[PDB]
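# Analysis of the macromolecular model
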Amino acid sequence: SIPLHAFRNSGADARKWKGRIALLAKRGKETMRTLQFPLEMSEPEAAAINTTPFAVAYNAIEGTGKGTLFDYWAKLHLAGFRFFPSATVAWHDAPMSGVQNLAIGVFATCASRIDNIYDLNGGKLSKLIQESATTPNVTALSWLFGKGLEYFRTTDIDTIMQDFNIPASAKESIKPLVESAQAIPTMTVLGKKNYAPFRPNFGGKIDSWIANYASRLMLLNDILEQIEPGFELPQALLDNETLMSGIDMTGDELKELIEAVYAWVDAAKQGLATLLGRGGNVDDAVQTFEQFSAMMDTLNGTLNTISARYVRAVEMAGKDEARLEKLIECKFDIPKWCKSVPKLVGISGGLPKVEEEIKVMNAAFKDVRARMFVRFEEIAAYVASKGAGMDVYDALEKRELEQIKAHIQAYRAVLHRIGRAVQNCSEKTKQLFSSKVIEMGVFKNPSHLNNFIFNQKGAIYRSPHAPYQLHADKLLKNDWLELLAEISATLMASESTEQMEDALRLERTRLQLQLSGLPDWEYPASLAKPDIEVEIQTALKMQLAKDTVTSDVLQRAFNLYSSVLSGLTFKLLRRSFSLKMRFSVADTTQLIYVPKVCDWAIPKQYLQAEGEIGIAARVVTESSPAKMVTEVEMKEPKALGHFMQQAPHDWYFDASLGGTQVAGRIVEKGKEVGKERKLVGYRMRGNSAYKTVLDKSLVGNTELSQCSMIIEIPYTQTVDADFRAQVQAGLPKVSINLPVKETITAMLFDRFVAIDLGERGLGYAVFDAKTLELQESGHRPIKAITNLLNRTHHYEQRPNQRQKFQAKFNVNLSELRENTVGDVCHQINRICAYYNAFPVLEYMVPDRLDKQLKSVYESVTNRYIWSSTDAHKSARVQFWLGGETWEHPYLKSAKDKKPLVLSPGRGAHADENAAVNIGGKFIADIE
RNA sequence: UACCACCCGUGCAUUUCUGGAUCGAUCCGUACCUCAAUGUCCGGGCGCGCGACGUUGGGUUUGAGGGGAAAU
């Protein structure tokens, strides 16, 4: 028998294992997976693709502006039209005019019709709203997007009014609806006359928005009902400076925030009433709602931070009880009404116009940088006018004195901040910094400095674990701000984009240290309020409203400058991105089966078989594969599928873009395989596994759902010394995305494996479920985890051509996290298959583990363990091929005396020992 | 069993058919994205210029994962 190291629960074999485990599931759902088939085009053919008509079509479909479908739909809704599944529209409701947010207006108009809405839960509200707006399975839009659009675009306003019996009062609401309809362009892509085929995706985005909005509104009804007046944080809590460190506001500021919250609770009851359609200005209601939500978010965040600090303090208290008594004196509660209503994403689409956007962002980066420099200059001038000079070292010495209640310590802190920015920098920048610090000789061991900047490990300054030893005289001698300025200048001279980014970062760091030197004074509002058009958090806005501001709030406004500049830097540093257009129709997928032009020697073993392939082999006399399939079609019609799967063939897709002229027969769901016909198409590229999936469809094992054509236009960006960016368009790439339902052709319950997620790998202990006794214990190490933790910099730097221009942040690290989760899950599944056992995971990922490692483990845990959160549950179901619930035949949970619910993972060398312990805890649970 | 040896990073490359039918054999299927490995580059750290000291350590799979689109 293969040891686990040689065992191969991988690829299609692991998909088959997952599928059999899912067949054992007591509760499951039908799941699809989308496979991407790169179409094969030659360079001339790719050049001949014109993505302009496609971009027009995508803007009309996915756009939220004028001349898009969303605009026309919203206009119909606000004109006083009600949507009916089977002309699919009628004029009933009174027209709603003057709503800046059309989606919000629609949701409110539909909700006005609903009665006794407050008892209705978020889910029910969403359902009713979407039924009213999109008419189940988007049936009304079939008329409106095709024939209706033609009617509104080509029908006198008076005639429209006469047809739908509309009174003269609503004539205005109608005129914009007619004008919006006319503004829509003409669909030319995919051989489609009108927008009706695309109607599914529109329906779907609108429905997701409806659900989210309804859920938010009901969470707030709940919050407003729960508001209990007079909750206040104890004065003692506020007084504890240690507990306060890192709430980013003052105690007085927090009390002001709670009073603001009660006034806005009143305002929000009123605003939610207005949004459910009771009446009044939807736009004002929206602003009120958003402000209150932001307030309630900031308050909750602050409270959670304070609670975490409290928990840490309690953990440290330990044996000492005086500290515990002080903690009970400061003890605070988080009110149930306080609860984060997070910011909600609006409907957004179309494709970004790269060149216009790049001009805008060059301009913006230049402007923001100039403004930041000017602001810094102004702050410096105000402090100088008063007559006390900013000095980072003096300020740091004062801070150290306050913390005790030194010049060396100040210098050490400055050097440490510079060092952290250089840890964040590229290898060449790290090298420059290291060389310069060795030339200065401040570090006792240049080795320590090298390690700190390159290996990102160690600390030069500790804040009351030993800080790095330094030559004090040399340290007092070398200024650090000038060193930073020189490094920045040299990196800008390097004129390499990584080096330019590092220069920008170091300049920001220097400005930040100079500002940290500010004395403890009152500063006017003028210096404090950012002129960069940046969005500001509630706490900072409340601090800013006050005429006199502290050093820390001025620092925070400078940090806002820094953040805008950093986003603009990410936008100008990128060398590669793509503009992607996805088109999906309602029609069934037609593939083209093209038989290869060759001579096929069918096997003689095929000849003697009793299967469909055997029958087909018997009838064939022809020597060319097209002739052979025609022969099987004529003689053994049932045997066609298996013969076709085995014969020489290629898969093609028309894509309505021209392509190779081929002699092929269409393969379509439900319909029988067609007669050979002259068809055009683009060959679909894929490996043997993907081609096997399509072959299975011929037999009847796989079903293909509606196709999605993704066109990507690749772009390259270059930045000159002045930072103007130039963008160049690559040849377009077309791909077909196919959702596939695969019938699973006809163990978990017999044993159970306890999985421990350790820092360097995983540990497993396998216990027989019936006797609850250990069979074998072991450790499996994960190169992929260790590798991720190490190559963080490569991932960040990796150019992604695929990454969209719209993206405002780097997500290469997130994609790598996805691959890591994949790999750990693979190891767990492999162990399970080897022992025929069900996974047991620790319910809670340990807090001690590093951020990224912790996130990976949480994802792994979700993929197996049962969790309440919908996202987690959906991920787990998708991973387990539709398996939502399992029931154990002989295991009963001791606590409720109910048969074990497995999903299929139950919830409960160092790694090995910890896994045996988890297994033991699960054993104790079930008894 | 055999195999291979300080620990990593950074940049640049190269490679990976990994799915089926039928009775090991014959024939279909052409190979996408990502990671990884490997090679190389330059740069750290550690032990005593170098790099495991018969005995150790490490890995072993048909390298691994792929559910999109939207978003964040």
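Residues numbered from 1 in each chain as written, not as in the entry; some residues may be left out. Chains lettered and ligands numbered in written order. Heavy atoms only, no water. Residues with missing side-chain atoms left out of burial classes, pairs and counts.

In the PDB header, cryo-EM is given as the technique by which the entry was determined, and 3.0 Å as its resolution.

### Description of the overall build of chain A
For clarity, the cut-off: Helix and strand assignments follow DSSP, with helices taken as H or I runs no shorter than four residues and strands as E runs no shorter than two, numbered in order from the N terminus. A radius of gyration in this sense is built from C-alpha atoms; the matching globule rule multiplies 2.2 Å by the number of residues raised to 0.38.
Helix and strand counts for chain A come out as 37 helices and 22 strands. Relative to a compact globule of 927 residues, whose C-alpha radius of gyration would be 30 Å, chain A shows 33 Å and is just as compact. Projected onto its principal axes, the C-alpha coordinates of chain A cover approximately 100 × 85 × 65 Å.

### So, the pattern of salt bridges
Under the convention used in this document: Any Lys or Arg side-chain nitrogen located within 4 Å of an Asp or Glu carboxyl oxygen qualifies as a salt bridge. Exposure is judged per residue with a 1.4 Å probe applied to protein chains only, and the accessible area is read against the type maximum: over 50% gives exposed, under 20% gives buried, and values in between give partly exposed.
Counting across every chain of the model gives 44 salt bridges. Here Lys546 and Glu253 are joined by a salt bridge, their closest N and O atoms 2.9 Å apart. With a relative accessible area of 30%, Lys546 lands in the partly exposed category. The buried category is assigned to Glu253, whose relative accessible area is 2%. In this structure, the salt-bridge partner of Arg683 is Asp650, at a minimum N-O distance of 3.5 Å.

### A closer look at the nonpolar core
General note: in soluble globular proteins, nonpolar side chains tend to be found buried as a group. We count it as follows: Residues grouped as a nonpolar core are buried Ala, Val, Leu, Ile, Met, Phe, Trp, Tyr and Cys residues, joined through side-chain atoms within 4.5 Å. Throughout, a residue-residue contact means that at least one pair of heavy atoms, one from each residue, lies within 4.5 Å.
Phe81, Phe152 and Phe583 are the most contacted members of the largest nonpolar core, which totals 193 residues. The biggest single contributor to this core is helix 14 (residues 282-317), with 13 residues. If we skip the residues at most four places from it in the chain, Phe152 touches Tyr72, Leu76, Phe81, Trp143, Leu144, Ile160, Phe164, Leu177, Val178 and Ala181. Grouped together as the second largest cluster of nonpolar side chains are 50 residues, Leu4, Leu762, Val856 and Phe922 included.

### Section: the sheet that holds strand 21 (residues 898-902)
Just so we agree on the cut-off: Paired strands, as defined in this entry, are two strands with at least two bridges between them according to DSSP. Helix axes use the C-alpha atoms of the stretch in contact, all axes being lines fitted to C-alpha atoms, and the angles between their N-to-C directions lie in the range 0 to 180 degrees.
The antiparallel open sheet is built from 3 strands, whose spatial order is 1-20-21. For this open sheet the edge positions go to strand 1 (27-28) and strand 21, each flanked by a neighbour on one side alone. As paired elements, strand 1 and strand 20 (residues 883-893) share 2 bridges and run antiparallel to each other. Considered in strand 20, the bridge of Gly28 is made with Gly883. In this fold helix 36 (residues 870-879) packs onto strand 1 and strand 20, with an angle of close to 85° to the strand it touches most, strand 20.

### Focus: the protein's contact with RNA strand B
This is how the line gets drawn: Residue proximity to a molecule or strand is established when one non-hydrogen atom of the residue lies within 4 Å of it. For the purposes of these results, a polar contact is taken to be a pair of N or O atoms within 3.5 Å, where, inside protein, one atom must be able to donate a hydrogen and its partner to accept one; residues adjacent in sequence count only when each atom of the pair is a side-chain atom.
In the region of RNA strand B, 79 residues are neighbours, and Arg8, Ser10, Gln646, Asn819 and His826 sit closest. The contact atoms of RNA strand B, taken as those within 4 Å of the protein, divide so that sugar and phosphate hold 74%. At 3.1 Å, a side-chain N or O of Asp650 approaches a phosphate oxygen of RNA strand B. Contact distances for RNA strand B include 2.9 Å between a sugar or linking oxygen and a side-chain N or O atom of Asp823. At 7 residues, the largest contribution of residues to the surface near RNA strand B is made by helix 34 (residues 812-835).

### Here we look at the packing of helix 35 (residues 851-864) against helix 36
Spelled out, the test is: By the definition adopted for this analysis, an angle is roughly parallel if under 35 degrees, roughly antiparallel if over 145, roughly perpendicular if from 65 to 115, and oblique otherwise. Handedness of each helix crossing follows the sense of rotation of the near helix against the far helix: counterclockwise by less than a right angle gives left-handed, clockwise gives right-handed. In the scheme used here, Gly and all other residues not listed as nonpolar or charged are polar, with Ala, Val, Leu, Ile, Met, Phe, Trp, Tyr, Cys and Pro taken as nonpolar and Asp, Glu, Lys and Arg as charged.
Between helix 35 and helix 36, the shortest axis-to-axis distance is 7 Å and the interhelical angle comes to 65°. Relative to helix 36, helix 35 is oriented roughly perpendicular. Here the hand of the crossing between helix 35 and helix 36 comes out right-handed. Where helix 35 abuts helix 36, its residues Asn862, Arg863 and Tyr864 lie against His872, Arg876 and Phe879. Each residue belonging to the contact of helix 35 with helix 36 can be placed in one class, and the counts come to 2 nonpolar, 2 polar and 2 charged.

### Describing the domain arrangement of chain A
Defined as follows: The domain limits used here are those given by an automatic or database domain assignment. Note on terms: buried area is the combined drop in 1.4 Å-probe accessible area of two parts once they are placed together, counting the loss on both.
Domain boundaries in chain A define domain 1 (11-24 + 747-926), domain 2 (51-212), domain 3 (227-330), domain 4 (354-576) and domain 5 (584-742). Summarising the inter-unit geometry, the C-alpha centres of domain 2 and domain 5 are found 38 Å apart. Taken together, the 10 residues of domain 2 in the interface contact 11 residues of domain 5. Here domain 2 and domain 5 share an interface that buries about 820 Å² over both sides, 69% of which is from carbon and sulfur atoms.

### Side note on the pairing of strand 9 (residues 649-653)
Consecutive residues of a regular strand have side chains that alternate between opposite faces of the sheet. Of all 5 residues that make up strand 9, 5 are buried, and the element is covered over most of its length. Judged by which residues are buried, strand 9 turns out to be covered on both faces: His649, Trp651 and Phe653 on one side and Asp650 and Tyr652 on the other are all buried. Of the strand pairs in this sheet, strand 8 (residues 590-595) and strand 9 are connected by 4 bridges, and their pairing is antiparallel. The residue of strand 9 that forms the bridge with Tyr593 is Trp651. Relative to strand 11 (residues 677-684), strand 9 runs antiparallel, the two being bridged by 2 bridges. Looking at strand 11, one finds that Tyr652 is bridged to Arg683.

### What about helix 14?
Because each turn of an α-helix spans 3.6 residues, side chains separated by three or four positions end up pointing in the same direction. Threshold: Helix span, as expected, comes to 1.5 Å for every residue beyond the first.
Taking 1.5 Å as the rise per residue, helix 14 with 36 residues should run 52 Å; its terminal C-alpha atoms sit 52 Å apart, in good agreement. The positive-phi residue at the C-terminal boundary of helix 14 is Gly318, with phi of around 55°.

### Observations regarding unusual backbone geometry
Positive phi, close to 60°, is recorded for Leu190, a residue that is not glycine. Tracing the chain through its elements places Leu190 in the loop between helix 9 (171-183) and helix 10 (199-226). In this structure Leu190 comes out as buried when scored by relative accessible area, which is 16%. Its identity is not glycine, yet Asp248 carries a phi of approximately 65°, on the positive side. Within the secondary structure, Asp248 sits in the loop between helix 12 (241-244) and helix 13 (251-276). For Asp248, a relative accessible area of 48% gives the class partly exposed.

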